[PDB]
Amino acid sequence: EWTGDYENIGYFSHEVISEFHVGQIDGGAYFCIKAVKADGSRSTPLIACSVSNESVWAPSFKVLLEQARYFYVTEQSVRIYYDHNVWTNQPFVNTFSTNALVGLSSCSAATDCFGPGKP
Amino acid sequence: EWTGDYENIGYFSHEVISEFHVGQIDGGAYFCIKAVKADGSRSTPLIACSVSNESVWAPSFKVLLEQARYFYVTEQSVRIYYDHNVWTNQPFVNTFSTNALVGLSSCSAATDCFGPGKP
Amino acid sequence: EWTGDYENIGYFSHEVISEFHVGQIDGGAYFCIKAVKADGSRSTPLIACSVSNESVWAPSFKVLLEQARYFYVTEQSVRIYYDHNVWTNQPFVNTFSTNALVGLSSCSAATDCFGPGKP
Amino acid sequence: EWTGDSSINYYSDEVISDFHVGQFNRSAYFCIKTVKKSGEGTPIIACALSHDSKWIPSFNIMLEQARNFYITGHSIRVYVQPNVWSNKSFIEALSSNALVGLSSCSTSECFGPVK
Amino acid sequence: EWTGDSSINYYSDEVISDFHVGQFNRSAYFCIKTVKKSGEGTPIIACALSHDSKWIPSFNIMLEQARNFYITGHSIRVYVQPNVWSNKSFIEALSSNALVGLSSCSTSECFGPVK
Amino acid sequence: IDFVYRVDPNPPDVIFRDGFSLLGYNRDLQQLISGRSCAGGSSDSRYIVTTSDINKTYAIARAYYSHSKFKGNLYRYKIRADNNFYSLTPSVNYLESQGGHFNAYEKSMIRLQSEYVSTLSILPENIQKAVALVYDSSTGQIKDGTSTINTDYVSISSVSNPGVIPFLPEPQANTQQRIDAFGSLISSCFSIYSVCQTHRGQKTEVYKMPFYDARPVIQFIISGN
C-alpha cells in the first residue's frame with residue numbers, strides 16, 4: 001500500500017499541526033496530531049494518529065513522528081495524508097479518530113502542495 | 001494498557017516541564033520530569049519518570065523522552081499522563097516519585113488539552 | 001546500580017558543559033564533557049566520560065549523550081552525576097578522567113537542582 | 001555502488017524547497033523537491049525508500065541530512081540515480097530518481113565527488 | 001584502538017565548512033571538509049563509513065557530532081586516521097582520512113587528547 | 001514582496017493614527033535575528049519586523065491567545081512594502097561576505113520567519129487594513145474578523161527593497177548566542193513589545209510574552225534523535 005494511493009488515502013492540504021499528543025497503547029508507542037487550517041475556515045479539526053506496533057502503517061511511524069514534530073514546532077503549512085478506518089480500539093477511536101497518519105508533505109505557497117495528489 | 005485509560009492513568013493539564021533529569025537505574029536508562037502549573041499558581045509539582053527497561057511503559061520511553069525534551073525546551077503548556085504506583089525502588093521513589101510518565105499532550109489554553117481525558 | 005546512589009556516585013551542581021569531545025576507544029563509541037561552574041572559571045573543571053560498550057553505565061550512554069548535547073547547546077546550568085574510578089585505560093585516564101558520566105539534571109534558578117542529591 | 005559513480009547524476013547549488021514523507025509498500029520513504037538557489041530551471045525530485053533498492057543503507061543518513069538542509073535552507077548538491085523506482089503511480093506522483101547523496105554547496109564550489 | 005593514539009593525527013581550531021553524505025558499497029558514509037578559521041589554507045577532508053574500517057562503532061556519534069559542529073560553526077579539533085580508505089575514486093574524490101574524533105576547541109586550549 | 005503583515009494589540013484607530021515606530025537605534029542584524037535587540041533582550045531595535053506570510057500571523061495570534069495570560073484583541077495590519085522594507089537574506093549574505101558568521105540556527109530561524117524589516121517607522125499611509133483576530137473558546141481557533149479599511153492609505157504600488165540594508169553595523173565575532181523565540185519558533189521580534197507600544201503616553205499594557213531559546217528547538221527538529 002502507498003501514502004499516495006488517493007482512492008483509499010485521504011489528505012488535507014495547507015493544514016497546521018495545532019496539537020500534538022504522544023502515548024502508549026497495547027505495548028506500542030503512538031502519537032496523534034490535531035491539525036487545522038491556518039485560518040479559521042474548515043472549523044473541524046483533522047485528528048490523525050500513528051501507532052508504532054500496529055496496522056500496516058507502522059513502518060513509517062518513526063519518520064512520520066519526526067516530520068510531524070517538525071511541522072508541529074514551526075506550524076509550517078502541511079498536507080496531511082491519512083487512512084480512514086484504521087484504528088478499532090473504541091476508547092482510542094472515541095478519543096482521537098479512526099484516521100491513521102500515513103503521510104506528510106510541505107505546502108509551500110497557498111496554491112500547491114508537494115507530494116502525491118488526486119488527478 | 002493505554003495512556004488514555006483514565007480509570008488507572010492520571011493526568012495534570014496545563015503543566016510546564018520545569019526540571020529535566022536523565023540517568024541510569026538497574027541497567028536501564030531513565031528520565032524524570034518535574035512539572036509545575038503553567039499559570040505559576042500554588043501547587044505541588046508533579047514528578048513523572050520513565051525507565052527504558054522497566055514497567056509496561058518501556059516501549060514508549062524513547063518517544064516520550066524526545067517529546068518531553070521538546071516540551072522542556074519550549075516551556076510549552078502540556079498535559080502529562082502518569083501511571084501512579086509503578087516504581088518500587090525506595091531510594092528512587094523517595095528521590096522522584098512512584099509515577100511513570102506514560103503520555104504527553106499539548107494544551108491550547110483554557111481547559112481544552114489534546115488527547116484523552118475524563119468525560 | 002543507580003545514578004542517584006550518592007554513596008558511590010558524586011555530583012557537581014550548577015555546572016555548564018564547556019567542552020565536548022567524541023571518539024572511539026577499544027571498539028566503543030565514547031564522549032567526554034568538560035563542565036565548569038556556571039558562574040565563570042570557579043572550581044576545577046569536572047571531566048566525565050561515557051563509553052557505549054564498556055562499564056555498567058553503557059545502557060544510558062545514548063540518552064546521556066543526547067542530553068549532554070542539548071545541555072551543550074543551551075549552555076544552561078546543570079548537575080552532573082559521575083562515577084569515579086570507572087575508566088582504567090591509562091592514556092584515556094591521563095587525557096580526560098576516570099569519571100564515568102552517569103547522570104544529567106537541569107538546574108533551574110540560583111540554587112536548587114533537580115534529581116537525587118546528598119542528604 | 002557509490003554516490004560518486006558514473007551512473008549517478010548530480011545537481012549543484014540547489015535548495016530543498018519541498019519535503020514529503022510517506023509509506024510505500026512496506027518501506028518508509030521521503031522525497032525532496034529542490035530548486036536552483038539562483039531561482040531557475042526545472043525542480044529536481046529525488047526519493048529514498050527505507051526498504052527498497054540498493055540505497056537502503058544510506059536511507060537514515062540521507063533523511064537526516066535532507067531534513068537538516070531543508071530546515072536550514074542550505075545551498076546543496078543533490079546526487080540522484082535515475083530510473084530506480086518502477087511503480088508508475090509513484091513515478092508520476094514524485095519521481096523515479098533515487099536520492100543517493102547530499103553535499104554542501106558553497107558560493108564557489110560544492111563538496112563531494114564530481115563527474 | 002583509540003582516537004588518542006599516536007597513529008591518529010589531529011587538527012585544532014578547525015571549522016567544518018563542507019558536509020557531504022552518501023553511500024559507498026552498502027556503507028552509509030559522511031565526509032567533512034574543515035578549514036582553519038580566517039583561512040590558513042590546505043582544507044582537511046575526513047570521512048567515516050558506517051560499515052567499513054575499525055571505526056564502525058563511532059560512526060553514528062561522529063556523524064551527529066559533525067552535524068552539530070557544522071550547524072554551530074564552532075571551532076573544533078578533528079581527529080583523523082590517514083590511509084584508512086583505499087578505493088582510488090573515493091580517495092581522489094574526498095580523502096583517505098578516517099574521521100575518528102571530534103572535540104570542542106574553546107580558544108584558550110582545546111579539549112581532547114593531545115601529543 | 002508587497003503587503004507584509006504585522007500583529008498588534010492596539011485597535012485600528014490607534015495604529016491608523018500612529019502606525020508603527022522603531023523601538024530604538026540598534027541596527028545590528030545579528031541582534032535582530034537572534035532577538036537580543038528586540039523585546040526579549042535590549043529592546044532598542046531600529047527595525048520594524050513584519051512577515052509576508054499570513055500563516056506566520058496566524059501562528060503569532062495562536063501563541064498569544066494560547067498563553068492564556070494574554071487579554072485583549074489582536075489585529076493583523078496589512079502594510080504595503082515600500083523601498084524601506086528589506087528581506088533579511090540579502091543583508092545576511094552581505095554580512096557573511098563581510099566576515100560575519102550566521103550559524104545554521106540563524107539560517108533556519110530566518111527561513112521560518114519569512115521576515116521583512118522596515119528600517120524606518122511604518123507610516124499610517126502604508127497600512128491597508130486591520131483584520132481582527134477573534135479567538136473563540138469553543139474550538140480554540142483564530143478567525144479572521146472585522147476588516148477595517150484605512151482611509152489614509154495611498155496605494156503607491158511600491159515593492160519591498162530587494163537589496164541590502166544600508167549602514168549595517170560591522171558583524172561581530174560569533175559567540176553562539178541565544179535566539180529568542182515564542183510560540184512555534186516565532187522570532188521574538190514578532191512579539192507585541194518588539195515595536196514601540198507607547199502612543200502619546202497611552203502605552204498598552206498586555207502580557208509580556210516569555211521567550212524560549214530557539215537553538216534547542218532547531219537542533220531538535222534538525223536531528224530527530
# chains A, B, ... in the order shown; residues from 1 in each chain; ligands from 1
>>> interface_residues(of="chain E", to="chain F", cutoff="12 Å", atoms="only C-alpha atoms", output="PyMOL selection string")
chain E and resi 15-17+37-39+60-61+63-75+106-107
>>> calpha_fit_and_write(fixed="chain D", moving="chain E", output="compact mmCIF listing (two decimals) with N, CA and C atoms, in the first residue's frame")
# COMPACT_ATOMS: atom_id res chain seq x y z
N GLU E 1 28.65 -0.19 -5.42
CA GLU E 1 27.92 1.04 -5.71
C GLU E 1 28.39 2.20 -4.84
N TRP E 2 28.28 3.41 -5.37
CA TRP E 2 28.75 4.61 -4.69
C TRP E 2 28.06 5.82 -5.30
N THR E 3 27.81 6.82 -4.45
CA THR E 3 27.18 8.05 -4.93
C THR E 3 28.07 8.83 -5.89
N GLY E 4 29.37 8.53 -5.92
CA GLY E 4 30.29 9.13 -6.86
C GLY E 4 30.46 8.38 -8.16
N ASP E 5 29.65 7.35 -8.40
CA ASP E 5 29.77 6.57 -9.62
C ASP E 5 29.29 7.36 -10.83
N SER E 6 29.61 6.85 -12.02
CA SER E 6 29.17 7.50 -13.25
C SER E 6 27.67 7.35 -13.47
N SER E 7 27.06 6.31 -12.91
CA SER E 7 25.62 6.13 -13.01
C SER E 7 24.84 7.14 -12.18
N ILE E 8 25.51 7.89 -11.31
CA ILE E 8 24.85 8.85 -10.44
C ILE E 8 24.95 10.23 -11.07
N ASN E 9 23.80 10.87 -11.28
CA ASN E 9 23.79 12.28 -11.66
C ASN E 9 23.79 13.13 -10.40
N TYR E 10 24.20 14.39 -10.55
CA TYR E 10 24.13 15.31 -9.43
C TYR E 10 23.79 16.70 -9.94
N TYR E 11 23.12 17.47 -9.09
CA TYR E 11 22.77 18.85 -9.38
C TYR E 11 23.26 19.71 -8.23
N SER E 12 24.09 20.70 -8.55
CA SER E 12 24.73 21.54 -7.55
C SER E 12 23.96 22.85 -7.38
N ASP E 13 24.27 23.54 -6.29
CA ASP E 13 23.65 24.83 -5.95
C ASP E 13 22.13 24.71 -5.86
N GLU E 14 21.66 23.58 -5.34
CA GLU E 14 20.24 23.37 -5.11
C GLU E 14 19.86 23.78 -3.70
N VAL E 15 18.58 24.10 -3.53
CA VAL E 15 17.98 24.32 -2.22
C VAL E 15 16.75 23.43 -2.13
N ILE E 16 16.68 22.62 -1.07
CA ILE E 16 15.52 21.76 -0.87
C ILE E 16 14.33 22.67 -0.58
N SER E 17 13.39 22.73 -1.52
CA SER E 17 12.23 23.59 -1.40
C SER E 17 11.00 22.87 -0.87
N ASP E 18 10.87 21.57 -1.12
CA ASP E 18 9.70 20.82 -0.69
C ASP E 18 10.13 19.49 -0.10
N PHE E 19 9.47 19.10 0.99
CA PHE E 19 9.75 17.85 1.68
C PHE E 19 8.45 17.06 1.82
N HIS E 20 8.51 15.77 1.50
CA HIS E 20 7.36 14.89 1.65
C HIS E 20 7.83 13.58 2.26
N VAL E 21 7.02 13.01 3.15
CA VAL E 21 7.31 11.70 3.72
C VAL E 21 6.05 10.85 3.64
N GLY E 22 6.25 9.54 3.56
CA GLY E 22 5.12 8.64 3.52
C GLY E 22 5.56 7.21 3.62
N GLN E 23 4.63 6.31 3.31
CA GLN E 23 4.90 4.88 3.29
C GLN E 23 4.50 4.33 1.93
N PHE E 24 5.34 3.45 1.39
CA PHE E 24 5.11 2.79 0.11
C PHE E 24 5.51 1.33 0.26
N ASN E 25 4.51 0.45 0.23
CA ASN E 25 4.69 -1.00 0.29
C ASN E 25 5.69 -1.40 1.38
N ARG E 26 5.31 -1.10 2.62
CA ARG E 26 6.05 -1.44 3.83
C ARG E 26 7.39 -0.71 3.94
N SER E 27 7.63 0.30 3.10
CA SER E 27 8.86 1.06 3.13
C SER E 27 8.56 2.50 3.50
N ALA E 28 9.16 2.99 4.58
CA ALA E 28 9.15 4.42 4.83
C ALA E 28 9.95 5.11 3.74
N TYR E 29 9.40 6.19 3.18
CA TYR E 29 10.07 6.89 2.11
C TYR E 29 9.96 8.39 2.33
N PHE E 30 10.94 9.11 1.79
CA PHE E 30 10.88 10.56 1.77
C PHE E 30 11.35 11.07 0.42
N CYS E 31 10.68 12.11 -0.07
CA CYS E 31 11.02 12.76 -1.32
C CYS E 31 11.32 14.23 -1.06
N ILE E 32 12.30 14.75 -1.78
CA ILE E 32 12.68 16.15 -1.71
C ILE E 32 12.58 16.75 -3.11
N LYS E 33 12.00 17.94 -3.18
CA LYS E 33 11.97 18.74 -4.40
C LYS E 33 12.90 19.92 -4.19
N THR E 34 13.96 19.98 -4.99
CA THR E 34 14.98 21.01 -4.89
C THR E 34 14.96 21.87 -6.14
N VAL E 35 15.22 23.16 -5.97
CA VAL E 35 15.24 24.11 -7.07
C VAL E 35 16.55 24.87 -7.05
N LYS E 36 16.96 25.34 -8.23
CA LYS E 36 18.10 26.24 -8.31
C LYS E 36 17.79 27.54 -7.58
N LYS E 37 18.76 28.03 -6.83
CA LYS E 37 18.59 29.32 -6.16
C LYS E 37 18.46 30.42 -7.20
N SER E 38 17.53 31.35 -6.94
CA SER E 38 17.06 32.40 -7.85
C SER E 38 16.14 31.86 -8.94
N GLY E 39 15.75 30.59 -8.87
CA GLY E 39 14.73 30.05 -9.75
C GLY E 39 15.11 29.89 -11.20
N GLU E 40 16.01 28.96 -11.50
CA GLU E 40 16.39 28.65 -12.87
C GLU E 40 15.49 27.60 -13.52
N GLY E 41 14.47 27.13 -12.81
CA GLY E 41 13.48 26.24 -13.39
C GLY E 41 13.82 24.77 -13.18
N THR E 42 12.96 23.93 -13.78
CA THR E 42 13.00 22.46 -13.80
C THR E 42 13.37 21.89 -12.43
N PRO E 43 12.46 21.95 -11.46
CA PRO E 43 12.78 21.43 -10.12
C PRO E 43 13.03 19.93 -10.16
N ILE E 44 13.96 19.49 -9.32
CA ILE E 44 14.44 18.11 -9.32
C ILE E 44 13.89 17.40 -8.09
N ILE E 45 13.25 16.25 -8.31
CA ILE E 45 12.61 15.48 -7.25
C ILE E 45 13.40 14.19 -7.07
N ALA E 46 13.78 13.91 -5.83
CA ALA E 46 14.55 12.72 -5.49
C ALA E 46 13.93 12.05 -4.29
N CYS E 47 13.73 10.74 -4.37
CA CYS E 47 13.10 9.98 -3.31
C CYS E 47 14.03 8.89 -2.80
N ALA E 48 13.84 8.53 -1.54
CA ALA E 48 14.57 7.42 -0.92
C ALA E 48 13.58 6.57 -0.15
N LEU E 49 13.69 5.26 -0.31
CA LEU E 49 12.83 4.29 0.36
C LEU E 49 13.65 3.51 1.38
N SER E 50 13.04 3.24 2.54
CA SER E 50 13.79 2.61 3.63
C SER E 50 14.04 1.13 3.38
N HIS E 51 13.16 0.46 2.64
CA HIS E 51 13.28 -0.98 2.43
C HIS E 51 13.18 -1.35 0.96
N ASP E 52 13.73 -0.52 0.08
CA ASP E 52 13.75 -0.82 -1.35
C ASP E 52 15.03 -0.26 -1.96
N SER E 53 15.45 -0.88 -3.07
CA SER E 53 16.63 -0.50 -3.84
C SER E 53 17.92 -0.77 -3.09
N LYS E 54 19.05 -0.67 -3.79
CA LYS E 54 20.36 -0.88 -3.17
C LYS E 54 20.76 0.25 -2.24
N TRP E 55 20.05 1.37 -2.25
CA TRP E 55 20.35 2.52 -1.41
C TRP E 55 19.65 2.44 -0.06
N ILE E 56 19.28 1.24 0.37
CA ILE E 56 18.69 1.06 1.70
C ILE E 56 19.63 1.53 2.81
N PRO E 57 20.92 1.15 2.83
CA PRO E 57 21.75 1.47 4.01
C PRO E 57 21.88 2.95 4.31
N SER E 58 21.76 3.82 3.31
CA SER E 58 21.94 5.25 3.51
C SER E 58 20.62 5.99 3.69
N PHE E 59 19.51 5.29 3.86
CA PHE E 59 18.21 5.95 3.95
C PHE E 59 18.13 6.88 5.15
N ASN E 60 18.59 6.41 6.32
CA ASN E 60 18.44 7.21 7.53
C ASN E 60 19.37 8.41 7.52
N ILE E 61 20.63 8.21 7.13
CA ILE E 61 21.56 9.34 7.04
C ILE E 61 21.10 10.34 6.00
N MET E 62 20.58 9.86 4.86
CA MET E 62 20.08 10.76 3.83
C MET E 62 18.86 11.53 4.33
N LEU E 63 17.98 10.86 5.07
CA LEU E 63 16.79 11.52 5.59
C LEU E 63 17.16 12.62 6.59
N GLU E 64 18.06 12.31 7.52
CA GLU E 64 18.49 13.33 8.48
C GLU E 64 19.20 14.48 7.79
N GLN E 65 20.06 14.19 6.81
CA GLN E 65 20.77 15.27 6.12
C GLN E 65 19.82 16.12 5.29
N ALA E 66 18.84 15.49 4.64
CA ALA E 66 17.85 16.24 3.87
C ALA E 66 17.01 17.11 4.78
N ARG E 67 16.65 16.60 5.96
CA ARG E 67 15.91 17.41 6.93
C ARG E 67 16.75 18.60 7.38
N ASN E 68 18.03 18.38 7.66
CA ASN E 68 18.89 19.47 8.10
C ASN E 68 19.04 20.53 7.01
N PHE E 69 19.23 20.10 5.76
CA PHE E 69 19.37 21.04 4.66
C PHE E 69 18.07 21.77 4.36
N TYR E 70 16.92 21.11 4.53
CA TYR E 70 15.64 21.80 4.40
C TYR E 70 15.47 22.82 5.51
N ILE E 71 15.90 22.49 6.73
CA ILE E 71 15.80 23.42 7.84
C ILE E 71 16.65 24.65 7.59
N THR E 72 17.90 24.46 7.17
CA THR E 72 18.80 25.59 6.96
C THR E 72 18.56 26.30 5.64
N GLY E 73 17.95 25.63 4.66
CA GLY E 73 17.80 26.22 3.35
C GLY E 73 19.11 26.47 2.64
N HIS E 74 20.18 25.82 3.08
CA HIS E 74 21.52 26.07 2.56
C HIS E 74 21.69 25.44 1.19
N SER E 75 22.44 26.13 0.33
CA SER E 75 22.69 25.63 -1.01
C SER E 75 23.47 24.32 -0.95
N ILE E 76 22.99 23.31 -1.67
CA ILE E 76 23.51 21.95 -1.56
C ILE E 76 23.51 21.29 -2.93
N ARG E 77 24.29 20.22 -3.04
CA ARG E 77 24.31 19.36 -4.21
C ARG E 77 23.57 18.06 -3.90
N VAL E 78 22.68 17.67 -4.80
CA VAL E 78 21.87 16.46 -4.67
C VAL E 78 22.40 15.43 -5.66
N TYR E 79 22.71 14.24 -5.15
CA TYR E 79 23.13 13.10 -5.97
C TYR E 79 21.96 12.14 -6.10
N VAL E 80 21.50 11.93 -7.33
CA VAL E 80 20.37 11.06 -7.63
C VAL E 80 20.81 9.95 -8.56
N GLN E 81 20.11 8.82 -8.48
CA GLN E 81 20.22 7.76 -9.47
C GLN E 81 18.92 7.68 -10.24
N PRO E 82 18.92 7.96 -11.54
CA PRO E 82 17.68 7.87 -12.32
C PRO E 82 17.20 6.43 -12.47
N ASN E 83 15.89 6.29 -12.67
CA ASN E 83 15.27 5.02 -13.03
C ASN E 83 15.52 3.94 -11.98
N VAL E 84 15.30 4.30 -10.72
CA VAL E 84 15.39 3.36 -9.61
C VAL E 84 14.02 2.87 -9.19
N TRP E 85 13.06 3.78 -9.05
CA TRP E 85 11.69 3.42 -8.72
C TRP E 85 10.93 3.11 -10.01
N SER E 86 10.09 2.08 -9.96
CA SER E 86 9.39 1.60 -11.14
C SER E 86 7.88 1.68 -11.04
N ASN E 87 7.32 1.95 -9.86
CA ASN E 87 5.88 2.05 -9.72
C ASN E 87 5.37 3.29 -10.43
N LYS E 88 4.49 3.09 -11.42
CA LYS E 88 4.09 4.18 -12.30
C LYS E 88 3.43 5.31 -11.52
N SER E 89 2.52 4.97 -10.60
CA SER E 89 1.86 6.00 -9.81
C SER E 89 2.87 6.79 -8.98
N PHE E 90 3.82 6.08 -8.36
CA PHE E 90 4.89 6.76 -7.62
C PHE E 90 5.75 7.60 -8.55
N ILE E 91 6.00 7.11 -9.77
CA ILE E 91 6.86 7.84 -10.70
C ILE E 91 6.22 9.17 -11.09
N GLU E 92 4.96 9.13 -11.52
CA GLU E 92 4.31 10.37 -11.93
C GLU E 92 4.01 11.27 -10.74
N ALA E 93 3.75 10.69 -9.57
CA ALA E 93 3.51 11.52 -8.39
C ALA E 93 4.76 12.30 -8.00
N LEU E 94 5.88 11.61 -7.83
CA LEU E 94 7.08 12.32 -7.38
C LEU E 94 8.22 12.27 -8.39
N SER E 95 8.77 11.08 -8.64
CA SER E 95 9.88 10.91 -9.57
C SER E 95 10.31 9.45 -9.56
N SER E 96 11.25 9.12 -10.45
CA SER E 96 11.95 7.85 -10.42
C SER E 96 13.36 7.97 -9.86
N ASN E 97 13.82 9.19 -9.59
CA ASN E 97 15.17 9.40 -9.10
C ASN E 97 15.30 8.94 -7.65
N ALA E 98 16.37 8.22 -7.35
CA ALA E 98 16.68 7.83 -5.99
C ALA E 98 17.67 8.83 -5.40
N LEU E 99 17.30 9.44 -4.28
CA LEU E 99 18.22 10.31 -3.56
C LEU E 99 19.32 9.46 -2.94
N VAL E 100 20.54 9.60 -3.45
CA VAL E 100 21.66 8.77 -3.00
C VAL E 100 22.78 9.57 -2.37
N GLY E 101 22.78 10.90 -2.48
CA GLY E 101 23.83 11.68 -1.86
C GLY E 101 23.41 13.11 -1.64
N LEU E 102 24.03 13.74 -0.65
CA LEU E 102 23.84 15.15 -0.37
C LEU E 102 25.17 15.74 0.05
N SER E 103 25.52 16.90 -0.50
CA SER E 103 26.75 17.57 -0.11
C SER E 103 26.50 19.06 0.05
N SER E 104 27.14 19.68 1.00
CA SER E 104 27.09 21.14 1.18
C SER E 104 27.68 21.83 -0.04
N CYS E 105 27.02 22.84 -0.56
CA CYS E 105 27.63 23.59 -1.67
C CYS E 105 28.04 24.95 -1.16
N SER E 106 29.28 25.16 -0.76
CA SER E 106 29.64 26.52 -0.30
C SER E 106 30.21 27.34 -1.46
N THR E 107 29.32 28.11 -2.10
CA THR E 107 29.40 29.06 -3.25
C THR E 107 30.65 29.01 -4.14
N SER E 108 31.87 29.04 -3.60
CA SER E 108 33.06 28.95 -4.49
C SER E 108 33.02 27.61 -5.24
N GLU E 109 33.23 26.52 -4.50
CA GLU E 109 33.15 25.15 -5.05
C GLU E 109 31.90 24.51 -4.45
N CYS E 110 31.89 23.21 -4.46
CA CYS E 110 30.87 22.44 -3.77
C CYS E 110 31.42 21.06 -3.44
N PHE E 111 31.22 20.64 -2.19
CA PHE E 111 31.82 19.42 -1.67
C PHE E 111 31.26 18.19 -2.38
N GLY E 112 31.96 17.07 -2.23
CA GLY E 112 31.50 15.81 -2.76
C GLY E 112 32.10 15.45 -4.10
N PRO E 113 31.84 14.22 -4.56
CA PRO E 113 32.39 13.78 -5.84
C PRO E 113 31.82 14.55 -7.02
N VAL E 114 32.66 14.72 -8.04
CA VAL E 114 32.32 15.45 -9.25
C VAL E 114 32.66 14.57 -10.45
N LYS E 115 32.47 15.13 -11.64
CA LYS E 115 32.77 14.41 -12.88
C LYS E 115 34.09 14.88 -13.47
>>> calpha_fit_rmsd(fixed="chain B", moving="chain C")
0.7 Å
>>> closest_atom_pairs(of="chain F", to="chain B", cutoff="7 Å", atoms="only C-alpha atoms", output="tab-separated table")
residue	atom	partner	partner_atom	distance
F:66	CA	B:109	CA	4.7
F:67	CA	B:109	CA	6.1
F:68	CA	B:109	CA	5.3
F:212	CA	B:74	CA	5.5
F:216	CA	B:73	CA	6.5
F:217	CA	B:73	CA	6.7
>>> select_by_dssp(residues="chain D", states="strand (DSSP E or B)", output="PyMOL selection string")
chain D and resi 2+9-24+27-36+44-49+76-81+98-105+110
>>> interface_residues(of="chain B", to="chain A", cutoff="8 Å", atoms="only C-alpha atoms", output="list in words")
residues 1, 2, 3, 4, 56, 57, 59, 60, 63, 64, 67, 102, 103, 104, 105, 106, 107, 108, 114, 115 and 116 of chain B
>>> closest_residue(among="A:50, A:14, A:101, A:81", to="residue A:118", atoms="only C-alpha atoms")
A:81
>>> residues_around(residues="residue F:117", least_positions_apart="4", cutoff="8 Å", atoms="only C-alpha atoms", output="PyMOL selection string")
chain F and resi 47-50+85-88
>>> write_last_selection(atoms="N, CA and C atoms", output="mmCIF file, in the first residue's frame")
data_model
loop_
_atom_site.group_PDB
_atom_site.id
_atom_site.type_symbol
_atom_site.label_atom_id
_atom_site.label_comp_id
_atom_site.auth_asym_id
_atom_site.auth_seq_id
_atom_site.Cartn_x
_atom_site.Cartn_y
_atom_site.Cartn_z
ATOM 1 N N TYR F 47 14.547 48.440 13.703
ATOM 2 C CA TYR F 47 13.775 47.828 12.638
ATOM 3 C C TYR F 47 12.376 47.530 13.147
ATOM 4 N N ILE F 48 11.404 47.585 12.242
ATOM 5 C CA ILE F 48 10.076 47.043 12.497
ATOM 6 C C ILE F 48 9.963 45.753 11.706
ATOM 7 N N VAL F 49 9.798 44.647 12.411
ATOM 8 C CA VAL F 49 9.782 43.331 11.792
ATOM 9 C C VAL F 49 8.355 42.981 11.397
ATOM 10 N N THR F 50 8.180 42.569 10.146
ATOM 11 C CA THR F 50 6.908 42.142 9.598
ATOM 12 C C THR F 50 7.126 40.829 8.861
ATOM 13 N N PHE F 85 11.546 48.574 3.025
ATOM 14 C CA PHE F 85 11.334 47.214 3.501
ATOM 15 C C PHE F 85 12.356 46.300 2.834
ATOM 16 N N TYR F 86 13.139 45.598 3.645
ATOM 17 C CA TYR F 86 14.228 44.761 3.166
ATOM 18 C C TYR F 86 14.031 43.328 3.635
ATOM 19 N N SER F 87 14.311 42.380 2.749
ATOM 20 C CA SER F 87 14.396 40.985 3.146
ATOM 21 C C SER F 87 15.677 40.748 3.936
ATOM 22 N N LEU F 88 15.614 39.798 4.870
ATOM 23 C CA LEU F 88 16.775 39.517 5.706
ATOM 24 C C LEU F 88 17.886 38.838 4.914
#
>>> decode(residues="stretch 14-23 of chain B", atoms="N, CA, C and O atoms", output="PDB file, in the first residue's frame")
ATOM      1  N   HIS B  14      -2.214  21.596  31.541  1.00  0.00           N
ATOM      2  CA  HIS B  14      -1.630  22.936  31.599  1.00  0.00           C
ATOM      3  C   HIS B  14      -0.424  22.977  32.531  1.00  0.00           C
ATOM      4  O   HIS B  14      -0.278  23.878  33.360  1.00  0.00           O
ATOM      5  N   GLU B  15       0.439  21.981  32.403  1.00  0.00           N
ATOM      6  CA  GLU B  15       1.701  21.943  33.121  1.00  0.00           C
ATOM      7  C   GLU B  15       2.832  22.398  32.211  1.00  0.00           C
ATOM      8  O   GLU B  15       2.712  22.402  30.984  1.00  0.00           O
ATOM      9  N   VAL B  16       3.936  22.794  32.831  1.00  0.00           N
ATOM     10  CA  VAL B  16       5.166  23.116  32.122  1.00  0.00           C
ATOM     11  C   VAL B  16       6.277  22.269  32.714  1.00  0.00           C
ATOM     12  O   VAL B  16       6.487  22.280  33.932  1.00  0.00           O
ATOM     13  N   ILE B  17       6.985  21.534  31.861  1.00  0.00           N
ATOM     14  CA  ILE B  17       8.127  20.756  32.325  1.00  0.00           C
ATOM     15  C   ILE B  17       9.219  21.740  32.729  1.00  0.00           C
ATOM     16  O   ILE B  17       9.862  22.356  31.876  1.00  0.00           O
ATOM     17  N   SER B  18       9.419  21.899  34.033  1.00  0.00           N
ATOM     18  CA  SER B  18      10.382  22.858  34.549  1.00  0.00           C
ATOM     19  C   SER B  18      11.749  22.251  34.808  1.00  0.00           C
ATOM     20  O   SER B  18      12.756  22.954  34.688  1.00  0.00           O
ATOM     21  N   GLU B  19      11.813  20.967  35.149  1.00  0.00           N
ATOM     22  CA  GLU B  19      13.070  20.325  35.503  1.00  0.00           C
ATOM     23  C   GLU B  19      13.196  19.011  34.749  1.00  0.00           C
ATOM     24  O   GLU B  19      12.231  18.247  34.667  1.00  0.00           O
ATOM     25  N   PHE B  20      14.385  18.746  34.214  1.00  0.00           N
ATOM     26  CA  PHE B  20      14.653  17.545  33.437  1.00  0.00           C
ATOM     27  C   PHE B  20      15.866  16.834  34.019  1.00  0.00           C
ATOM     28  O   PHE B  20      16.894  17.467  34.271  1.00  0.00           O
ATOM     29  N   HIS B  21      15.747  15.526  34.233  1.00  0.00           N
ATOM     30  CA  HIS B  21      16.849  14.716  34.728  1.00  0.00           C
ATOM     31  C   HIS B  21      16.934  13.436  33.914  1.00  0.00           C
ATOM     32  O   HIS B  21      15.910  12.865  33.541  1.00  0.00           O
ATOM     33  N   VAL B  22      18.155  12.990  33.632  1.00  0.00           N
ATOM     34  CA  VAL B  22      18.377  11.700  32.993  1.00  0.00           C
ATOM     35  C   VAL B  22      19.402  10.929  33.806  1.00  0.00           C
ATOM     36  O   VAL B  22      20.243  11.510  34.498  1.00  0.00           O
ATOM     37  N   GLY B  23      19.324   9.611  33.724  1.00  0.00           N
ATOM     38  CA  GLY B  23      20.257   8.779  34.447  1.00  0.00           C
ATOM     39  C   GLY B  23      20.084   7.325  34.093  1.00  0.00           C
ATOM     40  O   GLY B  23      19.431   6.981  33.108  1.00  0.00           O
TER      41      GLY B  23
END
